[PDB]
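Asker: What follows is a single structure, and I will ask about it in a moment.
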Amino acid sequence: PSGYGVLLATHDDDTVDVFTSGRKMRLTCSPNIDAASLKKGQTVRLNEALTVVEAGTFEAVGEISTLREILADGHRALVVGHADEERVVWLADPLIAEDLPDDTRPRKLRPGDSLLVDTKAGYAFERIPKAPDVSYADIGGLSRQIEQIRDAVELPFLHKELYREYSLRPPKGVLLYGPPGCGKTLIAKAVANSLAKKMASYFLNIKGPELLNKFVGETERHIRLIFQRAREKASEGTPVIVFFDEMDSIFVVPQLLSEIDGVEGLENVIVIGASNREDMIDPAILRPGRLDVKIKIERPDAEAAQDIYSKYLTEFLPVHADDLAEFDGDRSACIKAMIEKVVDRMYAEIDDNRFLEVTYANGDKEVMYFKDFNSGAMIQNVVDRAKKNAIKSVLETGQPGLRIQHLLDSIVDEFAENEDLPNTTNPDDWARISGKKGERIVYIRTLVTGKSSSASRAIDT
Amino acid sequence: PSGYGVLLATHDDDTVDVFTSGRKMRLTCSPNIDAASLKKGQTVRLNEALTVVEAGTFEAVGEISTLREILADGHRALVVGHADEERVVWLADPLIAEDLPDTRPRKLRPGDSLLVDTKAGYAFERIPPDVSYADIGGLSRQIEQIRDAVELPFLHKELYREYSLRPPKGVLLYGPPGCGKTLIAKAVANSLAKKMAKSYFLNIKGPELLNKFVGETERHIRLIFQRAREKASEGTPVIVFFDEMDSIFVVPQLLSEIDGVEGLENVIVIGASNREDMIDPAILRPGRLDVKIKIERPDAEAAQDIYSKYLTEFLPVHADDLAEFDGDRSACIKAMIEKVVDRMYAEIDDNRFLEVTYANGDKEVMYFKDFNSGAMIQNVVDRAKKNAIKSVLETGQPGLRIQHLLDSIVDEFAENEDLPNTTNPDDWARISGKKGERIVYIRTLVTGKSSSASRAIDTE
Amino acid sequence: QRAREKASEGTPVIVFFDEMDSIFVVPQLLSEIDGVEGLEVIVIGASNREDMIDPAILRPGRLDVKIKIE
Amino acid sequence: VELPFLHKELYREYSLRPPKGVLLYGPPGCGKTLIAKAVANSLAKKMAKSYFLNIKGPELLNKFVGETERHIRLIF
């Protein structure tokens, strides 16, 4: 029958300090045990006579405290409990271990990491864990933009001494702004990956919708965690990219501004914002030194649609024998023609392509065609809808393949689906329309062809 | 006289680690007891000499902490109390047991309330669709649209696979009120719930959001989504319904937890809204709610289709009306149906429901033919049945006759005129839309024969 | 639950909400009314402003009969 | 800024109190950070350890601290 303890300090005379039972004492050591090979925080064992007879393991269970820092000693840490009390505790030997180099891995420590502690003993023992193949070739119609982004991203890191030649500071961050369904995170991942191979690089992605979210601690400590996660590739020499989606959801703010200039002195990290509404974005985050380059992901034009459909329509899709029948069996020259003959029907100015009627302040009434109102998401929608049409076509008619018919009818159905529910629009589009006309917009309604189950809708700004 | 303790670790020399009183220890063990069969967390008991004389059960009472992380090695757990402080404890034998599958223990996972002894550092135990499409009237378009996006992907999965087509995650039912729109969600949750060789059912409504009762409502949004994950690791389909989603639109959690179910295509998430204006478009984007399905005010033939359900041939139709039809029951009921449906959708001046004054000075009269709904057809039915019962009590003979339905219609219309709560901004959107001019004033018209009076309507 | 007592007792009272318009947070009432659905207890309610009343409690199966006192 | 510190004896002779605050206002970009730093520097060497500092607006409501009514006391 014998008790335990926690080793606090070793001395030269074989007498040792060990924490046991709500007070502190000094004990001698059994001739069996070795005083030099003992470590701080190690759970030891005392016999009835109070003499340590055995060295054990470390305490694996206890309180959890978030560790902000390691103070001037290096043998101690200042930890914060979840009751918002701060406490100084001794660092056990395995934590301070200099064996551990720079995610579940043995490491050294740094602010934000969760530490297992015994409060009255004052010892931190163990850290508790919490636990991009795309290229520009896959992105359609955006060549202007990919040029701009590669100019703001690749060119700086490729030529750096030529940049320092002209005394030119490489941009810290990129803005991707425009219409809602036009472009996506896709572009960010694309520049990430394309820059990622210069040899002879790890992605990063964080979307807006988790901010106010709990399971976390709401507004409070994490925003700097990611900036630490990026920091380890940053002092490496392998570039890493911080992407923020849904940035318009962020308009509390203050932390990010300090954190961007925090990474400003660092050559090796780029931060890319993406917003569907650019009138909302606080210009402070947009002023030079934070996000220098504003790259507009504007709505695809007539040809860009061809370019995107090219991505969505491959050879690999089943295509009707009748549609190949006119093209002499050549599959590529069948899909090509299809594509331009959907895209042509789509940007047609005919009376079934009418999307809006905008009534201005001066009484002028202008009509908007889906021509101006397209987007990548809408095209994808058309493709998928046509595939479904092809599927239930196969089911009832028995003959396989996707003909041009499915595509066209997908177009009219999709348009009708937008006429009924125009949430593909936003105030950005109104600002642009009104700006072009030179008048304020006092009324908006969707136009219906009358052939459909879709009806007109007044739209509010 | 004897003491108790909680065995912590088993050792090879027969000695055993125990938490008790102050100064917790490891103790010599009685030859009676075996050190191999001893298990972790198990409450043992010792004599005054501090030798363990008995191996007992596990502690059945104490604190409750919600689990945060099932962690790595051997599974000691990270848990949380609502003082919002976190604690690392050992898991007792019954918890890490490899005998459990997915009032009975099944494999543990985040969110579970666990019974723990804080000092000892041990957790011992865990603490805990009949409608078919055939019933729903006048929805023929919509139902097809629903199954195409729900049933068709699941039945034909290979045929979707050949076309590189991702099956849709969730559906948006939208439109004015009165069709109730829930019966559709139930009916797809049911018609899909038998694909064998019952597969499923559930529901949840928006109105309980701010509502609390058991627990505070911040993270409910997780627990539900994992309970949906039970049948996700099973292969039997699950449909998460959000009623009154226009009410919710803080938002952020749902958007993530919907992405959580993206990789698992065995779960559908349906939601409904009576005003589609207010919905955050983020949730309507491709991959989240792909299929938008409009449940719309029913028209004359759809109205017939609805009346057909509420009048079964099993209802007591009066002799007078059957005699007309040569005693044919079905033909009589059909005929009554087209009679009252034709009466309802008349543009006669007694069917007038609204006067709508636009911004341009125009004024337009809305008849009731545009404001019909399942709620009002059912209302007409019920009031007609009531008239049938009163007719029988006073006149003595059985049966429901066409006049009951007609008088029920004029009374229902009259009731709406006085209390037009059946209208919502979704209607003024489509009226203003069809006109092409904003609406500045709305009022109800009364025939004058009623006790009901015109009232000014202002919506938002 | 109080009403639930006089249900089986065969001596029903009715739940009367005066100034109901002033009530509309909402959610629980709906469920608890749906609870007495299989029982016959009637729920009367009165309002001097019928504008504000959330139609959710007025849909058939909850408060079915609207009676104007003019 | 410069004038009252250089010439304090001349200020006192005219019974003039040196200003405490200085406001820079107007449209951006207008590097008023630079302007503050510049006036802080030109003053900084008058001999014959004049320091330097600035804080920025963004750190107010954000907390590694708790409510800001604390900070505004230890910075001063």
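Residue numbers (PDB author numbering), protein chains in the order written: chain E, 2 to 103, 112 to 140, 151 to 219, 231 to 281, 296 to 505; chain D, 2 to 103, 113 to 138, 151 to 219, 230 to 281, 296 to 506; chain C, 258 to 281, 296 to 311, 313 to 342; chain F, 172 to 219, 230 to 257. Ideal Cβ positions, reconstructed from N, Cα and C, are used throughout, including at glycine.
Enumerate in chain order the residues of its own chain whose CB-to-CB distance from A211 of chain F is below 7 Å, with the five nearest sequence positions on each side excluded.
Answerer: Counting from 1 along the fourth sequence, the entry for residue 211 of chain F is found at position 40. Cβ within range, chain order: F233.
Asker: Out of curiosity, what's the CA-to-CA distance linking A130 of chain E and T52 of chain D?
Answerer: Locating residue 130 of chain E in the first sequence gives position 121, where the first residue counts as 1. Locating residue 52 of chain D in the second sequence gives position 51, where the first residue counts as 1. Spanning the two alpha carbons is a distance of roughly 28 Å.
Asker: Please report whether the beta-carbon of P269 of chain C lies at a distance below 8 Å from any beta-carbon of chain D.
Answerer: Position 12 of the third sequence, counted from the start, is the residue given in the question as residue 269 of chain C. Cβ-Cβ to chain D under 8 Å: no for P269 of chain C.
Asker: Could you give the DSSP three-state label for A10 of chain E: helix, strand or coil?
Answerer: Against the first sequence, residue 10 of chain E aligns to sequence position 9. Residue state, collapsed to three classes: strand.
Asker: Restricting to Cα atoms, I'd like to know which of D:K191, D:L177, D:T468 is closest to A219 of chain D.
Answerer: Here residue 219 of chain D refers to the residue found at position 197 of the second sequence. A219 of chain D has its Cα closest to that of D:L177, out of D:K191, D:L177, D:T468.
Asker: Am I right that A207 of chain E and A348 of chain E are in contact with their C-beta atoms under 8 Å? What's the rounded C-beta distance?
Answerer: As a first step, residue 207 of chain E must be located in the first sequence, where it is residue number 188. As a first step, residue 348 of chain E must be located in the first sequence, where it is residue number 304. Not really, about 19 Å apart at Cβ, beyond 8 Å.
Asker: To the nearest whole angstrom, what separates the beta carbons of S454 of chain E and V426 of chain E, a pair I think is in contact under 8 Å?
Answerer: Looking up residue 454 of chain E in the first sequence gives position 410. Looking up residue 426 of chain E in the first sequence gives position 382. Their Cβ separation, rounded to whole angstroms, is 5 Å, which keeps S454 of chain E and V426 of chain E in contact under 8 Å.
Asker: Just mark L125 of chain D as buried or exposed, buried being the case when its beta carbon has 16 or more other beta carbons within 10 Å.
Answerer: For this step, residue 125 of chain D is matched to residue 115 along the second sequence. Buried.
Asker: Measuring CA to CA, which of E:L39, E:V45, E:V80, E:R46 is closest to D94 of chain E?
Answerer: Mapped onto the first sequence, residue 94 of chain E falls at position 93. Cα-wise, what sits closest to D94 of chain E is E:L39.
Asker: Counting pairs of Cβ atoms below 8 Å between the segment 189-201 of chain D and the segment 416-432 of chain D, do you hit three or more?
Answerer: yes
Asker: Would you mind telling me which residues of chain D sit closer than 9 Å to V297 of chain C, beta carbon to beta carbon, in chain order?
Answerer: Taking the first residue of the third sequence as 1, we reach residue 297 of chain C at position 26. Simply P239, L242, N243.
Asker: Which of the residues in the segment 18-36 of chain D, read from start to end, lie with their CB under 9 Å from any CB of chain E?
Answerer: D18, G23, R24, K25, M26, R27, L28, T29
Asker: To the nearest angstrom, report how far apart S500 of chain E and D464 of chain E are at their CA atoms.
Answerer: Counting from one through the first sequence, the residue named residue 500 of chain E turns up at place 456. Counting from one through the first sequence, the residue named residue 464 of chain E turns up at place 420. So the alpha carbons of these two residues sit roughly 6 Å apart.
Asker: Does the contact criterion of 3 or more C-beta pairs under 8 Å hold for the segment 154-169 of chain E versus the segment 9-20 of chain E?
Answerer: no
Asker: Taking DSSP as the reference, what is the three-state secondary structure of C378 of chain D?
Answerer: Taking the second sequence and counting its residues from 1, one reaches residue 378 of chain D at position 332. Correct three-state label for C378 of chain D: helix.
Asker: Consult DSSP for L28 of chain D and reduce its assignment to one of helix, strand or coil.
Answerer: By 1-based counting over the second sequence, the position of residue 28 of chain D is 27. Assigned with DSSP and collapsed to three states, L28 of chain D falls in strand.
Asker: Smallest Cα separation from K191 of chain E: which of E:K436, E:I271, E:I314?
Answerer: Taking the first residue of the first sequence as 1, we reach residue 191 of chain E at position 172. Among E:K436, E:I271, E:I314, the Cα nearest to that of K191 of chain E is on E:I314.
Asker: In the segment 479-501 of chain E, which residues sit with their C-beta less than 7 Å from some C-beta in chain F, listed in chain order?
Answerer: none
Asker: Quick check for students: name the residue ranges of the alpha helix (DSSP H) that lie wholly in the segment 324-376 of chain D, counting only runs of 4 or more.
Answerer: 346-356, 365-370
Asker: Determine the contact status of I352 of chain D and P362 of chain D, defining contact as a CB-CB distance below 8 Å.
Answerer: Within the second sequence, the letter at position 306 stands for residue 352 of chain D. Within the second sequence, the letter at position 316 stands for residue 362 of chain D. No, Cβ-Cβ distance for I352 of chain D and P362 of chain D is not below 8 Å.
Asker: Please report the straight-line C-alpha distance between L9 of chain E and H252 of chain E, rounded to a whole angstrom.
Answerer: Numbered from 1 along the first sequence, position 8 holds the residue referred to as residue 9 of chain E. Numbered from 1 along the first sequence, position 222 holds the residue referred to as residue 252 of chain E. Roughly 33 Å separates the two Cα atoms.
Asker: Are the Cβ atoms of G238 of chain D and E303 of chain D separated by less than 8 Å?
Answerer: Position 206 of the second sequence, counting from 1, holds the residue named residue 238 of chain D. Position 257 of the second sequence, counting from 1, holds the residue named residue 303 of chain D. Cβ distance not < 8 Å, so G238 of chain D and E303 of chain D don't count as in contact.
Asker: Would residue 149 of chain E be called buried (16 or more neighbouring beta carbons within 10 Å of its own) or exposed?
Answerer: No coordinates exist for residue 149 of chain E; the numbering of chain E passes from 140 to 151 with nothing in between.
Asker: Where does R429 of chain D fall in DSSP's three states?
Answerer: Mapped onto the second sequence, residue 429 of chain D falls at position 383. Here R429 of chain D sits in helix by DSSP.
Asker: Does any CB atom of chain D fall closer than 8 Å to the CB of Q449 of chain E?
Answerer: Residue 449 of chain E sits at position 405 when you count from the first residue of the first sequence. Closer than 8 Å: no.
Asker: For the segment 364-384 of chain E against the segment 169-186 of chain D, are there 3 or more C-beta pairs whose distance is under 8 Å?
Answerer: no
Asker: Would you say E322 of chain C lies against chain D (beta-carbon separation less than 8 Å)?
Answerer: As a first step, residue 322 of chain C is located in the third sequence; it is residue number 50 there, counting from the start. True, the Cβ-Cβ gap to chain D drops below 8 Å.
Asker: Cβ of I329 of chain C within 8 Å of Cβ of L301 of chain C?
Answerer: Against the third sequence, residue 329 of chain C aligns to sequence position 57. Against the third sequence, residue 301 of chain C aligns to sequence position 30. In this structure, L301 of chain C lies closer than 8 Å to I329 of chain C by Cβ.
Asker: Put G420 of chain E into one of helix, strand or coil per three-state DSSP.
Answerer: Reading the first sequence from its first residue, position 376 is the one you call residue 420 of chain E. If DSSP states are grouped into helix, strand and coil, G420 of chain E belongs with the helices.
Asker: Considering only DSSP beta bridges, list what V90 of chain D is partnered with.
Answerer: Position 89 of the second sequence, counted from the start, is the residue given in the question as residue 90 of chain D. The beta-bridge partner set that DSSP reports for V90 of chain D consists of D:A78.
Asker: Only counting runs of 4 or more residues, tell me where the alpha helix (DSSP H) segments fall wholly within the segment 426-471 of chain D, in order along the chain.
Answerer: 448-464
Asker: Taking the CB atoms as reference points, tell me whether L214 of chain E and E173 of chain E lie closer together than 8 Å.
Answerer: Here the question's residue 214 of chain E lines up with position 195 in the first sequence. Here the question's residue 173 of chain E lines up with position 154 in the first sequence. Cβ distance < 8 Å, so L214 of chain E and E173 of chain E count as in contact.
Asker: Please list the terminal residues of the continuous alpha helix (DSSP H) segment that includes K263 of chain C.
Answerer: Counting from one through the third sequence, the residue named residue 263 of chain C turns up at place 6. Unbroken alpha helix (DSSP H) run through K263 of chain C: 259-265.
Asker: Residues of chain D with CB closer than 7 Å to the CB of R334 of chain C, please, in chain order.
Answerer: Position 62 of the third sequence, counting from 1, holds the residue named residue 334 of chain C. The premise fails here: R334 of chain C is roughly 11 Å from chain D at the closest Cβ pair, so nothing lies under 7 Å.
Asker: If we cut at 8 Å on Cβ distances, does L301 of chain E have a partner in chain F?
Answerer: Translated into positions along the first sequence, residue 301 of chain E becomes position 257. Closer than 8 Å to some Cβ of chain F, the Cβ of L301 of chain E qualifies, so yes.
Asker: Are any of the Cβ atoms in chain C nearer than 8 Å to that of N48 of chain D?
Answerer: Position 47 of the second sequence holds residue 48 of chain D. Output row for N48 of chain D: interface = no.
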